[PDB]
Every structure is written in structure tokens, then in C-alpha cells.
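S.K.: Below is start.pdb; it holds PDB, C-alpha atoms.
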```
ATOM      1  CA  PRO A   1      35.235  48.897 -13.340  1.00  0.00           C
ATOM      2  CA  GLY A   2      38.574  49.855 -11.883  1.00  0.00           C
ATOM      3  CA  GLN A   3      39.145  46.218 -10.868  1.00  0.00           C
ATOM      4  CA  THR A   4      39.124  44.355 -14.176  1.00  0.00           C
ATOM      5  CA  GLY A   5      39.151  40.598 -14.652  1.00  0.00           C
ATOM      6  CA  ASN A   6      37.963  37.989 -17.149  1.00  0.00           C
ATOM      7  CA  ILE A   7      34.291  37.202 -16.473  1.00  0.00           C
ATOM      8  CA  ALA A   8      33.134  40.826 -16.594  1.00  0.00           C
ATOM      9  CA  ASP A   9      35.309  41.457 -19.645  1.00  0.00           C
ATOM     10  CA  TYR A  10      33.803  38.308 -21.176  1.00  0.00           C
ATOM     11  CA  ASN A  11      30.152  39.313 -20.805  1.00  0.00           C
ATOM     12  CA  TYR A  12      29.376  42.842 -19.580  1.00  0.00           C
ATOM     13  CA  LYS A  13      31.436  45.933 -18.746  1.00  0.00           C
ATOM     14  CA  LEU A  14      30.661  49.424 -17.463  1.00  0.00           C
ATOM     15  CA  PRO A  15      32.102  52.880 -18.202  1.00  0.00           C
ATOM     16  CA  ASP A  16      35.103  54.037 -16.201  1.00  0.00           C
ATOM     17  CA  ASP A  17      33.287  56.923 -14.500  1.00  0.00           C
ATOM     18  CA  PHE A  18      30.363  54.600 -13.636  1.00  0.00           C
ATOM     19  CA  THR A  19      27.888  57.108 -12.264  1.00  0.00           C
ATOM     20  CA  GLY A  20      25.329  55.631  -9.921  1.00  0.00           C
ATOM     21  CA  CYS A  21      26.102  52.523  -7.931  1.00  0.00           C
ATOM     22  CA  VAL A  22      25.571  48.771  -7.799  1.00  0.00           C
ATOM     23  CA  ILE A  23      24.067  46.471  -5.163  1.00  0.00           C
ATOM     24  CA  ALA A  24      24.827  42.742  -4.965  1.00  0.00           C
ATOM     25  CA  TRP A  25      22.882  40.244  -2.860  1.00  0.00           C
ATOM     26  CA  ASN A  26      22.866  36.474  -2.519  1.00  0.00           C
ATOM     27  CA  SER A  27      20.091  34.451  -4.159  1.00  0.00           C
ATOM     28  CA  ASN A  28      21.029  31.012  -2.788  1.00  0.00           C
ATOM     29  CA  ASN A  29      17.547  30.733  -1.251  1.00  0.00           C
ATOM     30  CA  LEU A  30      15.982  30.384  -4.718  1.00  0.00           C
ATOM     31  CA  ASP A  31      18.755  30.410  -7.339  1.00  0.00           C
ATOM     32  CA  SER A  32      20.648  27.433  -5.855  1.00  0.00           C
ATOM     33  CA  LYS A  33      17.864  25.005  -6.704  1.00  0.00           C
ATOM     34  CA  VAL A  34      18.588  21.281  -6.540  1.00  0.00           C
ATOM     35  CA  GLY A  35      17.396  20.551 -10.081  1.00  0.00           C
ATOM     36  CA  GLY A  36      20.120  22.707 -11.614  1.00  0.00           C
ATOM     37  CA  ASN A  37      19.527  26.335 -12.592  1.00  0.00           C
ATOM     38  CA  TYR A  38      21.188  26.014 -15.996  1.00  0.00           C
ATOM     39  CA  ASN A  39      19.330  28.893 -17.696  1.00  0.00           C
ATOM     40  CA  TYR A  40      22.150  31.340 -16.856  1.00  0.00           C
ATOM     41  CA  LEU A  41      24.696  31.651 -19.671  1.00  0.00           C
ATOM     42  CA  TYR A  42      27.378  34.062 -20.854  1.00  0.00           C
ATOM     43  CA  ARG A  43      29.593  34.789 -23.855  1.00  0.00           C
ATOM     44  CA  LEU A  44      33.159  33.497 -23.628  1.00  0.00           C
ATOM     45  CA  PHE A  45      34.278  34.653 -27.086  1.00  0.00           C
ATOM     46  CA  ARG A  46      32.938  37.419 -29.324  1.00  0.00           C
ATOM     47  CA  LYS A  47      36.179  38.144 -31.299  1.00  0.00           C
ATOM     48  CA  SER A  48      37.031  41.294 -29.268  1.00  0.00           C
ATOM     49  CA  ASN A  49      36.633  42.980 -25.900  1.00  0.00           C
TER      50      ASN A  49
ATOM     51  CA  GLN B   1      98.848  20.073   3.353  1.00  0.00           C
ATOM     52  CA  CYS B   2      96.176  22.056   5.200  1.00  0.00           C
ATOM     53  CA  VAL B   3      97.723  23.905   8.145  1.00  0.00           C
ATOM     54  CA  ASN B   4     101.199  23.635   6.639  1.00  0.00           C
ATOM     55  CA  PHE B   5     103.652  26.544   6.580  1.00  0.00           C
ATOM     56  CA  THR B   6     104.417  28.443   3.378  1.00  0.00           C
ATOM     57  CA  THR B   7     107.504  30.574   2.664  1.00  0.00           C
ATOM     58  CA  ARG B   8     106.022  34.035   3.216  1.00  0.00           C
ATOM     59  CA  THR B   9     107.413  36.964   5.143  1.00  0.00           C
ATOM     60  CA  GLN B  10     105.302  38.532   7.895  1.00  0.00           C
ATOM     61  CA  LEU B  11     103.307  40.727   5.475  1.00  0.00           C
ATOM     62  CA  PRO B  12     104.885  44.205   5.383  1.00  0.00           C
ATOM     63  CA  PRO B  13     102.703  45.461   2.518  1.00  0.00           C
ATOM     64  CA  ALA B  14     102.792  48.918   0.998  1.00  0.00           C
ATOM     65  CA  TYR B  15      99.784  51.182   0.414  1.00  0.00           C
ATOM     66  CA  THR B  16     100.466  52.550  -3.071  1.00  0.00           C
ATOM     67  CA  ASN B  17      97.970  54.783  -4.875  1.00  0.00           C
ATOM     68  CA  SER B  18      96.776  54.707  -8.492  1.00  0.00           C
ATOM     69  CA  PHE B  19      95.323  58.268  -8.600  1.00  0.00           C
ATOM     70  CA  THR B  20      92.947  57.269 -11.424  1.00  0.00           C
ATOM     71  CA  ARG B  21      91.260  53.840 -11.388  1.00  0.00           C
ATOM     72  CA  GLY B  22      87.870  52.281 -10.796  1.00  0.00           C
ATOM     73  CA  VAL B  23      85.668  53.810 -13.519  1.00  0.00           C
ATOM     74  CA  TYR B  24      83.805  51.014 -15.259  1.00  0.00           C
ATOM     75  CA  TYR B  25      80.890  52.417 -17.307  1.00  0.00           C
ATOM     76  CA  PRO B  26      78.284  52.088 -14.522  1.00  0.00           C
ATOM     77  CA  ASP B  27      75.395  51.949 -17.009  1.00  0.00           C
ATOM     78  CA  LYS B  28      75.252  50.243 -20.398  1.00  0.00           C
ATOM     79  CA  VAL B  29      73.347  53.105 -22.056  1.00  0.00           C
ATOM     80  CA  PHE B  30      75.527  55.090 -24.453  1.00  0.00           C
ATOM     81  CA  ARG B  31      76.180  58.757 -23.667  1.00  0.00           C
ATOM     82  CA  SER B  32      78.190  61.249 -25.731  1.00  0.00           C
ATOM     83  CA  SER B  33      79.779  64.395 -24.256  1.00  0.00           C
ATOM     84  CA  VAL B  34      77.605  64.126 -21.136  1.00  0.00           C
ATOM     85  CA  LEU B  35      78.715  65.258 -17.673  1.00  0.00           C
ATOM     86  CA  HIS B  36      76.193  62.963 -15.968  1.00  0.00           C
ATOM     87  CA  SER B  37      76.973  62.274 -12.307  1.00  0.00           C
ATOM     88  CA  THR B  38      76.080  58.878 -10.844  1.00  0.00           C
ATOM     89  CA  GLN B  39      75.811  57.484  -7.312  1.00  0.00           C
ATOM     90  CA  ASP B  40      77.400  54.030  -7.427  1.00  0.00           C
ATOM     91  CA  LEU B  41      80.293  52.075  -5.958  1.00  0.00           C
ATOM     92  CA  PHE B  42      83.737  53.166  -7.139  1.00  0.00           C
ATOM     93  CA  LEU B  43      87.413  53.082  -6.266  1.00  0.00           C
ATOM     94  CA  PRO B  44      88.398  56.613  -5.181  1.00  0.00           C
ATOM     95  CA  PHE B  45      91.565  58.184  -6.498  1.00  0.00           C
ATOM     96  CA  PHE B  46      94.667  58.331  -4.282  1.00  0.00           C
ATOM     97  CA  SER B  47      93.332  55.211  -2.538  1.00  0.00           C
ATOM     98  CA  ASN B  48      95.793  53.089  -0.571  1.00  0.00           C
ATOM     99  CA  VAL B  49      95.853  49.492  -1.848  1.00  0.00           C
TER     100      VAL B  49
ATOM    101  CA  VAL C   1      50.928  31.309  -4.399  1.00  0.00           C
ATOM    102  CA  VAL C   2      53.312  32.294  -7.196  1.00  0.00           C
ATOM    103  CA  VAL C   3      55.020  35.696  -7.101  1.00  0.00           C
ATOM    104  CA  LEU C   4      56.355  37.274 -10.297  1.00  0.00           C
ATOM    105  CA  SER C   5      59.041  39.948  -9.919  1.00  0.00           C
ATOM    106  CA  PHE C   6      60.872  41.698 -12.750  1.00  0.00           C
ATOM    107  CA  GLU C   7      62.207  45.023 -14.015  1.00  0.00           C
ATOM    108  CA  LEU C   8      61.558  47.026 -17.181  1.00  0.00           C
ATOM    109  CA  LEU C   9      64.316  47.920 -19.663  1.00  0.00           C
ATOM    110  CA  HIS C  10      67.026  48.174 -17.005  1.00  0.00           C
ATOM    111  CA  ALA C  11      69.299  46.056 -19.224  1.00  0.00           C
ATOM    112  CA  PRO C  12      69.213  44.154 -22.538  1.00  0.00           C
ATOM    113  CA  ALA C  13      65.997  42.159 -22.230  1.00  0.00           C
ATOM    114  CA  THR C  14      65.697  38.477 -23.118  1.00  0.00           C
ATOM    115  CA  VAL C  15      62.018  37.660 -22.393  1.00  0.00           C
ATOM    116  CA  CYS C  16      59.326  39.152 -24.630  1.00  0.00           C
ATOM    117  CA  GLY C  17      55.650  38.704 -25.392  1.00  0.00           C
ATOM    118  CA  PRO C  18      53.900  37.357 -28.484  1.00  0.00           C
ATOM    119  CA  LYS C  19      54.509  40.551 -30.454  1.00  0.00           C
ATOM    120  CA  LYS C  20      55.550  39.783 -34.034  1.00  0.00           C
ATOM    121  CA  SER C  21      58.401  41.901 -35.376  1.00  0.00           C
ATOM    122  CA  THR C  22      57.866  43.849 -38.598  1.00  0.00           C
ATOM    123  CA  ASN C  23      60.326  45.185 -41.148  1.00  0.00           C
ATOM    124  CA  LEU C  24      62.138  48.457 -40.466  1.00  0.00           C
ATOM    125  CA  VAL C  25      62.110  51.432 -42.844  1.00  0.00           C
ATOM    126  CA  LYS C  26      64.430  54.435 -42.550  1.00  0.00           C
ATOM    127  CA  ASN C  27      63.767  58.074 -43.461  1.00  0.00           C
ATOM    128  CA  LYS C  28      60.051  57.660 -42.733  1.00  0.00           C
ATOM    129  CA  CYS C  29      58.259  59.363 -39.844  1.00  0.00           C
ATOM    130  CA  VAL C  30      56.787  56.299 -38.121  1.00  0.00           C
ATOM    131  CA  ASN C  31      55.961  54.892 -34.718  1.00  0.00           C
ATOM    132  CA  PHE C  32      58.810  52.722 -33.443  1.00  0.00           C
ATOM    133  CA  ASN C  33      58.719  49.891 -30.906  1.00  0.00           C
ATOM    134  CA  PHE C  34      61.901  48.358 -29.491  1.00  0.00           C
ATOM    135  CA  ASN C  35      61.529  45.770 -26.702  1.00  0.00           C
ATOM    136  CA  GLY C  36      58.791  47.922 -25.165  1.00  0.00           C
ATOM    137  CA  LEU C  37      60.113  51.427 -25.757  1.00  0.00           C
ATOM    138  CA  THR C  38      57.705  53.376 -27.955  1.00  0.00           C
ATOM    139  CA  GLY C  39      57.136  56.838 -29.414  1.00  0.00           C
ATOM    140  CA  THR C  40      57.193  58.622 -32.760  1.00  0.00           C
ATOM    141  CA  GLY C  41      60.349  59.465 -34.669  1.00  0.00           C
ATOM    142  CA  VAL C  42      62.330  58.956 -37.843  1.00  0.00           C
ATOM    143  CA  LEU C  43      65.007  56.253 -37.851  1.00  0.00           C
ATOM    144  CA  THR C  44      68.358  56.962 -39.504  1.00  0.00           C
ATOM    145  CA  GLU C  45      71.795  55.373 -39.595  1.00  0.00           C
ATOM    146  CA  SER C  46      74.228  56.838 -37.063  1.00  0.00           C
ATOM    147  CA  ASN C  47      78.003  56.473 -37.342  1.00  0.00           C
ATOM    148  CA  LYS C  48      78.565  57.225 -33.643  1.00  0.00           C
TER     149      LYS C  48
ATOM    150  CA  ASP D   1      52.420  34.043 -23.539  1.00  0.00           C
ATOM    151  CA  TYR D   2      50.794  35.819 -20.613  1.00  0.00           C
ATOM    152  CA  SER D   3      47.559  35.908 -22.632  1.00  0.00           C
ATOM    153  CA  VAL D   4      46.756  32.231 -22.050  1.00  0.00           C
ATOM    154  CA  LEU D   5      47.800  32.520 -18.397  1.00  0.00           C
ATOM    155  CA  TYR D   6      45.306  35.343 -17.897  1.00  0.00           C
ATOM    156  CA  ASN D   7      42.695  33.406 -19.889  1.00  0.00           C
ATOM    157  CA  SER D   8      42.918  30.771 -17.155  1.00  0.00           C
ATOM    158  CA  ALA D   9      40.607  31.050 -14.163  1.00  0.00           C
ATOM    159  CA  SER D  10      40.445  30.401 -10.399  1.00  0.00           C
ATOM    160  CA  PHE D  11      42.701  33.187  -9.130  1.00  0.00           C
ATOM    161  CA  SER D  12      42.300  33.969  -5.433  1.00  0.00           C
ATOM    162  CA  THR D  13      43.860  37.396  -6.016  1.00  0.00           C
ATOM    163  CA  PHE D  14      45.410  38.927  -9.143  1.00  0.00           C
ATOM    164  CA  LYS D  15      46.868  42.424  -8.792  1.00  0.00           C
ATOM    165  CA  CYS D  16      49.727  43.817 -10.875  1.00  0.00           C
ATOM    166  CA  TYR D  17      51.992  46.562  -9.520  1.00  0.00           C
ATOM    167  CA  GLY D  18      53.103  48.941 -12.257  1.00  0.00           C
ATOM    168  CA  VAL D  19      51.790  46.674 -15.041  1.00  0.00           C
ATOM    169  CA  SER D  20      48.459  45.542 -16.465  1.00  0.00           C
ATOM    170  CA  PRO D  21      47.179  42.233 -17.886  1.00  0.00           C
ATOM    171  CA  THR D  22      47.055  43.519 -21.470  1.00  0.00           C
ATOM    172  CA  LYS D  23      50.424  45.304 -21.252  1.00  0.00           C
ATOM    173  CA  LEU D  24      52.023  42.103 -19.922  1.00  0.00           C
ATOM    174  CA  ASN D  25      52.077  40.680 -23.464  1.00  0.00           C
ATOM    175  CA  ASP D  26      53.610  43.888 -24.869  1.00  0.00           C
ATOM    176  CA  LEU D  27      56.835  44.879 -23.086  1.00  0.00           C
ATOM    177  CA  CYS D  28      60.025  42.823 -22.949  1.00  0.00           C
ATOM    178  CA  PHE D  29      61.432  41.505 -19.675  1.00  0.00           C
ATOM    179  CA  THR D  30      65.015  41.792 -18.450  1.00  0.00           C
ATOM    180  CA  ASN D  31      64.486  38.689 -16.283  1.00  0.00           C
ATOM    181  CA  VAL D  32      61.862  37.281 -13.927  1.00  0.00           C
ATOM    182  CA  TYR D  33      61.836  35.549 -10.535  1.00  0.00           C
ATOM    183  CA  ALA D  34      58.800  33.245 -10.509  1.00  0.00           C
ATOM    184  CA  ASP D  35      58.865  32.640  -6.772  1.00  0.00           C
ATOM    185  CA  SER D  36      56.751  29.686  -5.651  1.00  0.00           C
ATOM    186  CA  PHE D  37      55.464  28.751  -2.195  1.00  0.00           C
ATOM    187  CA  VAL D  38      52.240  27.901  -0.350  1.00  0.00           C
ATOM    188  CA  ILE D  39      50.251  29.442   2.519  1.00  0.00           C
ATOM    189  CA  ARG D  40      46.890  28.885   4.177  1.00  0.00           C
ATOM    190  CA  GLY D  41      43.598  30.553   3.325  1.00  0.00           C
ATOM    191  CA  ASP D  42      43.688  33.674   5.491  1.00  0.00           C
ATOM    192  CA  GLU D  43      47.381  34.406   4.858  1.00  0.00           C
ATOM    193  CA  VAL D  44      46.706  35.428   1.235  1.00  0.00           C
ATOM    194  CA  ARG D  45      45.932  38.989   2.347  1.00  0.00           C
ATOM    195  CA  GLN D  46      49.212  39.130   4.303  1.00  0.00           C
ATOM    196  CA  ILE D  47      51.002  39.278   0.920  1.00  0.00           C
ATOM    197  CA  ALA D  48      51.686  42.569  -0.997  1.00  0.00           C
TER     198      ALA D  48
ATOM    199  CA  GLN E   1      71.460  83.095 -16.908  1.00  0.00           C
ATOM    200  CA  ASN E   2      68.939  82.355 -19.668  1.00  0.00           C
ATOM    201  CA  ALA E   3      70.799  79.231 -20.784  1.00  0.00           C
ATOM    202  CA  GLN E   4      71.284  78.130 -17.171  1.00  0.00           C
ATOM    203  CA  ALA E   5      67.571  78.562 -16.451  1.00  0.00           C
ATOM    204  CA  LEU E   6      66.667  76.874 -19.740  1.00  0.00           C
ATOM    205  CA  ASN E   7      69.014  73.937 -19.131  1.00  0.00           C
ATOM    206  CA  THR E   8      67.794  73.195 -15.602  1.00  0.00           C
ATOM    207  CA  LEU E   9      64.273  73.446 -17.020  1.00  0.00           C
ATOM    208  CA  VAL E  10      65.143  70.638 -19.442  1.00  0.00           C
ATOM    209  CA  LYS E  11      66.745  68.508 -16.717  1.00  0.00           C
ATOM    210  CA  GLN E  12      63.516  68.743 -14.707  1.00  0.00           C
ATOM    211  CA  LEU E  13      61.920  66.390 -17.247  1.00  0.00           C
ATOM    212  CA  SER E  14      64.294  63.672 -16.003  1.00  0.00           C
ATOM    213  CA  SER E  15      62.630  63.790 -12.560  1.00  0.00           C
ATOM    214  CA  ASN E  16      59.446  61.747 -12.225  1.00  0.00           C
ATOM    215  CA  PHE E  17      58.059  63.883  -9.352  1.00  0.00           C
ATOM    216  CA  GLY E  18      57.275  60.677  -7.476  1.00  0.00           C
ATOM    217  CA  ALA E  19      55.706  58.880 -10.442  1.00  0.00           C
ATOM    218  CA  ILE E  20      56.653  55.411 -11.681  1.00  0.00           C
ATOM    219  CA  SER E  21      58.846  56.811 -14.458  1.00  0.00           C
ATOM    220  CA  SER E  22      59.883  60.183 -15.847  1.00  0.00           C
ATOM    221  CA  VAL E  23      58.793  59.369 -19.430  1.00  0.00           C
ATOM    222  CA  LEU E  24      55.145  59.391 -20.497  1.00  0.00           C
ATOM    223  CA  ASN E  25      55.526  56.943 -23.392  1.00  0.00           C
ATOM    224  CA  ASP E  26      56.671  54.043 -21.210  1.00  0.00           C
ATOM    225  CA  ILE E  27      53.915  54.655 -18.646  1.00  0.00           C
ATOM    226  CA  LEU E  28      51.171  54.428 -21.275  1.00  0.00           C
ATOM    227  CA  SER E  29      52.713  51.237 -22.676  1.00  0.00           C
ATOM    228  CA  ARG E  30      53.102  49.882 -19.121  1.00  0.00           C
ATOM    229  CA  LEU E  31      49.709  50.483 -17.504  1.00  0.00           C
ATOM    230  CA  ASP E  32      46.000  50.678 -18.248  1.00  0.00           C
ATOM    231  CA  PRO E  33      44.472  54.145 -18.820  1.00  0.00           C
ATOM    232  CA  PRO E  34      42.059  53.564 -15.897  1.00  0.00           C
ATOM    233  CA  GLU E  35      45.113  52.760 -13.739  1.00  0.00           C
ATOM    234  CA  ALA E  36      47.823  55.086 -15.108  1.00  0.00           C
ATOM    235  CA  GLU E  37      45.950  58.407 -14.925  1.00  0.00           C
ATOM    236  CA  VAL E  38      46.634  58.353 -11.171  1.00  0.00           C
ATOM    237  CA  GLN E  39      50.350  58.472 -12.059  1.00  0.00           C
ATOM    238  CA  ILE E  40      50.474  60.818 -15.060  1.00  0.00           C
ATOM    239  CA  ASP E  41      48.632  63.331 -12.862  1.00  0.00           C
ATOM    240  CA  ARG E  42      51.719  63.681 -10.666  1.00  0.00           C
ATOM    241  CA  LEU E  43      53.878  64.391 -13.722  1.00  0.00           C
ATOM    242  CA  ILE E  44      51.548  67.051 -15.139  1.00  0.00           C
ATOM    243  CA  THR E  45      51.590  68.780 -11.744  1.00  0.00           C
ATOM    244  CA  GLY E  46      55.344  68.936 -11.187  1.00  0.00           C
ATOM    245  CA  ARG E  47      56.041  69.688 -14.845  1.00  0.00           C
ATOM    246  CA  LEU E  48      53.405  72.426 -14.738  1.00  0.00           C
ATOM    247  CA  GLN E  49      55.086  73.727 -11.582  1.00  0.00           C
TER     248      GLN E  49
END
```
Would you write the structure of this file as C-alpha cells?

M.R.:
Amino acid sequence: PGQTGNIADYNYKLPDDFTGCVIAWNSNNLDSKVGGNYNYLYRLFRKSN
Amino acid sequence: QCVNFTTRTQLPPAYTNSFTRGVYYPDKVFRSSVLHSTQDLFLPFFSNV
Amino acid sequence: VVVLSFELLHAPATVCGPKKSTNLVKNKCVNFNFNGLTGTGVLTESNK
Amino acid sequence: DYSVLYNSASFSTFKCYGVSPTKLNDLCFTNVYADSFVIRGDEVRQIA
Amino acid sequence: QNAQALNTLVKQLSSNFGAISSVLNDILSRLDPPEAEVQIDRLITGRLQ
């Protein structure tokens, strides 16, 4: 947080201070399977932020 | 009709002065009994026109 | 690329958001909104 | 209605100078200049 | 002297000390609290000064 958007606001947000830190890495080796990795979902609407 | 000659003299114009002109309410916000000074374009007094 | 440029309350505004206007009550210490300007104060008629 | 515009997706970059997405639908606008043009992929950062 | 010092003290509130605006109410209504605290800080420094 500090760079807000829509997807993060849709599904999961973090406190402004945000102690600790985050690491992001690609998973295209396994996640981008040909069959379609449809198990990943998220909430578009929940009546409020 | 374009580069024709009119019936003018050879422009001996005067340079009269108004001594108070050119104040035009620079801002639309109402002010009552305020000595606010503004930096904006104006016509100075005693100006030769 | 679309670039939006604008100014805030420099003059009588003509474009506003989806805010729905409510009725005004005088002589009551209430929050007041007017085209974006906010705060807390009582609203009274002024003959100026 | 800036709300629906922000509800849209696929924005290469979306930064607001002096305003915020939620406050966009709150304050009134004197006037706007919705400038429109097009540039290539790398030139997006050359804006601002 | 007291009135002169008091009056110029009041007029200081019209200076934003480098912030976006010299009024707190507009700033809060104009920016997110994780994005406007970096501006209200300048006001509460100059005003404190």
C-alpha cells in the first residue's frame, strides 16, 4: 500500500505502515500450465472496500 | 477596396491621462473592507493613451 | 494516452461528481459541502 | 462518473497529481481538458 | 505592536508554506490520507514555526 489500484482493493489490502516486506517471483514454469490453471479466484464485489 | 485611401490625417494623436482607470475586480470572490493587494495586469494611473 | 487537466474552485464550477444534494437547514451547527468546499459551521442569511 | 471509469481496467499507468481516485467523485470541476494522443510503448514513462 | 503582531500571525495562515493549499479542509477532501500526510506535514511545521 501507498500505490493503490483496483485488484488489490478488490481482494486483499495491507496496513499503511506495512511492517516487514514482500517478495514477488514468477511462477510461469508451473503456474502457466497448458490445461488452464483456473483454481485461482478473487472477489470483485463485497459491498464495501 | 483593399489598399484604397481613406480620408485620415497623418495621425497626430494626443496622450491624455485618465488618472483612475483599469480596476476590474480581479477575482470573483467577494471581499468587504479588505485592503488585499493583488499582482495582476492593470492600467496604471496617469497613463498616456 | 489521455491526459486530464483541471483546477479546483478557481471559479464557479460546472462539472461535479455523483454527489446527491440534500436540503439546507439554517441556524443549525452542521457540516456544509458546497461544490467541494467543506468544514463545520452554522449557515445564516446575510444581507451583505 | 469517475467511479465507473476507475472500475474499468487495463491502465498502463494511473497516477493523480493533487487528487485521488475516491476524491475524484467528490469535488466539483471548474473545467477539464481531456487531451488525447498516442505514443509508443517505451514513451509512456516520458510523460509526467 | 500587539495588534500588529497578532494580525501578521493571522495572515500567516494564508501562506501554504509550500503545500498544495493553505487550507486543511480542502486538502483532506482532495487527497487520500496515505497521500496527503506528506503535505499537511509542511503546514504543521511552518504554522508551528

S.K.: Tell me, in Å to one decimal, how far CA of residue 8 (chain C) is from CA of residue 19 (chain E).

M.R.: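 CA of residue 19 (chain E) lies at a distance of 14.8 Å from CA of residue 8 (chain C).
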
S.K.: Given the PyMOL selection byres ((chain C and resi 9-22) around 6) and the file above, list the residues it selects as a PyMOL selection string.

M.R.: (chain C and resi 8+23) or (chain D and resi 1+25-26+28-30)

S.K.: Please, which residues in chain E fall within 12 Å of chain A when counting all atoms listed in the file, and what is the closest atom pair and distance in Å to one decimal for each, ordered by chain then residue number, as JSON lines?

M.R.:
```
{"residue": "E:32", "atom": "CA", "partner": "A:2", "partner_atom": "CA", "distance": 9.8}
{"residue": "E:33", "atom": "CA", "partner": "A:16", "partner_atom": "CA", "distance": 9.7}
{"residue": "E:34", "atom": "CA", "partner": "A:2", "partner_atom": "CA", "distance": 6.5}
{"residue": "E:35", "atom": "CA", "partner": "A:2", "partner_atom": "CA", "distance": 7.4}
{"residue": "E:36", "atom": "CA", "partner": "A:2", "partner_atom": "CA", "distance": 11.1}
{"residue": "E:37", "atom": "CA", "partner": "A:2", "partner_atom": "CA", "distance": 11.7}
{"residue": "E:38", "atom": "CA", "partner": "A:2", "partner_atom": "CA", "distance": 11.7}
```

S.K.: With the cut-off set at 8 Å and counting all atoms listed in the file, tabulate each residue of chain D with an atom at most that distance from an atom of chain E, showing the nearest atom pair and its distance in Å to one decimal, ordered by chain and increasing number, as a Markdown table.

M.R.:
```
| residue | atom | partner | partner_atom | distance |
| --- | --- | --- | --- | --- |
| D:18 | CA | E:31 | CA | 6.4 |
| D:19 | CA | E:31 | CA | 5.0 |
| D:20 | CA | E:31 | CA | 5.2 |
| D:22 | CA | E:32 | CA | 7.9 |
| D:23 | CA | E:30 | CA | 5.7 |
| D:24 | CA | E:30 | CA | 7.9 |
| D:26 | CA | E:29 | CA | 7.7 |
| D:27 | CA | E:30 | CA | 7.4 |
```

S.K.: Write out as a PyMOL selection string each polymer residue whose atoms come within 10 Å of residue 13 (chain D), counting only C-alpha atoms; drop sequence neighbours fewer than 4 positions from it.

M.R.: (chain C and resi 1) or (chain D and resi 44-45)

S.K.: One decimal, in Å: what's the spacing between CA of residue 47 (chain C) and CA of residue 26 (chain C)?

M.R.: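 Distance between the two atoms: 14.7 Å.
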
S.K.: Do you have the CA of residue 42 (chain E)-CA of residue 16 (chain E) distance handy?

M.R.: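 So the answer is 8.1 Å.
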
S.K.: Using only C-alpha atoms, which of the listed residues (C:27, C:37, C:7, C:2) sits closest to chain E?

M.R.: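 The answer is C:37, which sits nearest to chain E.
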
S.K.: Can you give me, as a PyMOL selection string, the residues this file yields under the PyMOL selection byres ((chain A and resi 6) around 10)?

M.R.: (chain A and resi 4-5+7-11+44) or (chain D and resi 6-9)

S.K.: Using only C-alpha atoms, which of the listed residues (E:49, E:18, E:25, E:40) sits closest to chain C?

M.R.: E:25

S.K.: Could you list, as a list in words, every residue matched by the PyMOL selection byres ((chain B and resi 8-18) around 7) in this structure?

M.R.: residues 6, 7, 19, 20, 21, 45, 46, 47, 48 and 49 of chain B

S.K.: Atoms to include: C-alpha atoms. Write the selected residues as an mmCIF file, in the coordinates of the input.

M.R.:
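Written file, result.cif:
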```cif
data_model
loop_
_atom_site.group_PDB
_atom_site.id
_atom_site.type_symbol
_atom_site.label_atom_id
_atom_site.label_comp_id
_atom_site.auth_asym_id
_atom_site.auth_seq_id
_atom_site.Cartn_x
_atom_site.Cartn_y
_atom_site.Cartn_z
ATOM 1 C CA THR B 6 104.417 28.443 3.378
ATOM 2 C CA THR B 7 107.504 30.574 2.664
ATOM 3 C CA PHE B 19 95.323 58.268 -8.600
ATOM 4 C CA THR B 20 92.947 57.269 -11.424
ATOM 5 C CA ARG B 21 91.260 53.840 -11.388
ATOM 6 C CA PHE B 45 91.565 58.184 -6.498
ATOM 7 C CA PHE B 46 94.667 58.331 -4.282
ATOM 8 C CA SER B 47 93.332 55.211 -2.538
ATOM 9 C CA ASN B 48 95.793 53.089 -0.571
ATOM 10 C CA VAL B 49 95.853 49.492 -1.848
#
```

S.K.: Would you pull region 13-25 of chain D out of the block just shown and save C-alpha atoms as a CSV table (one decimal), in the first residue's frame?

M.R.:
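This went into part.csv:
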```
chain,number,residue,atom,x,y,z
D,13,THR,CA,-0.2,3.9,-15.6
D,14,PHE,CA,-2.7,5.8,-13.4
D,15,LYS,CA,-1.3,8.5,-11.2
D,16,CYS,CA,-3.2,11.5,-10.0
D,17,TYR,CA,-1.4,14.7,-9.0
D,18,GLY,CA,-3.1,16.5,-6.1
D,19,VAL,CA,-6.2,14.3,-6.3
D,20,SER,CA,-7.1,10.7,-5.5
D,21,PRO,CA,-9.4,8.2,-7.2
D,22,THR,CA,-12.1,8.3,-4.4
D,23,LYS,CA,-11.9,12.1,-4.1
D,24,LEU,CA,-12.4,12.4,-7.9
D,25,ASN,CA,-16.1,11.7,-7.5
```
